[PDB]
């Protein structure tokens, strides 16, 4: 009856909702529109940081990147304050994850190198983790703005969940680089009203949000039960029926997470 409750959420919030929680040794996968495409929005920033960590030695985190005011695009709570000084790769990773900083993301994409300002290389990184579905095609902010139906800049709840599973719980990264990525997601400042809000306080939650036009609101998380049992949770939503100006509904994400927690308890 989990499906009926996710469907009732779609009607309550006038939204399309996508959910995936991978199977574990004791629980079945939870899936709802898990194979439908949704815009990444900022959720891509979490595997982006993984890609940067993966392709360089740790000493690369201290390499300083300089940029100008013309480089500052989209939401940039952090980068604007370090134009004069530049920011290291490590600081950029911190900003991209914990504050969803779009200029930081663009600079990290450029750091991956190659055509499309790093987007082809980013998609290549996802392929190395077995994700054949997702693709990133534009940088911030254009990537939040593709029309419904465009496959560009999309993933599926299923695909992004399996990526996050390998990065945080699996062996995609060595322990030291894995801990840095985990720690930035643990100290995220943007997801209090989403997956975190849907889980009781005694469950640990690390996450990365995404927000966009056409009422787009996403959150991808790893959670741990009060006795330390981990699950990966991907929730994505949009409201295409309202057109470009449709409002994202964070509450819908929090309610879907509560339905999930009830099944995981």
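Positions refer to the first chain, counted from 1. Under this definition, the rigid core comprises the largest set of C-alpha atoms superposing within 1.5 Å between the forms.
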Stretch with greater C-alpha deviation in 5 other deposited structures of this protein, 29-37 versus 65-73 (rigid core superposition): 65-73
Going by the average Cα B-factor in the PDB entry, point out whether 40-48 or 63-71 comes out higher. 63-71
Averaging CA B factors per stretch from the PDB record, which one is higher: 135-143 or 120-128? 135-143
Most elevated Cα B-factor in the entry, residues 86, 157, 191, 102: 86
Taking the C-alpha B-factors as the PDB entry records them, is residue 183 in the lowest, middle or highest third of its chain? lowest
Please rank the C-alpha B-factors of the chain's modelled residues and tell me whether residue 55 sits in the lowest, middle or highest third. highest
Looking at the temperature factor on the CA atom of residue 255, which third of the chain's modelled residues does it land in? lowest
If you rank the chain by CA B-factor, which third does residue 233 end up in: lowest, middle or highest? lowest
Place residue 225 in the lowest, middle or highest third of its chain's C-alpha B-factors, as listed in the PDB entry. middle
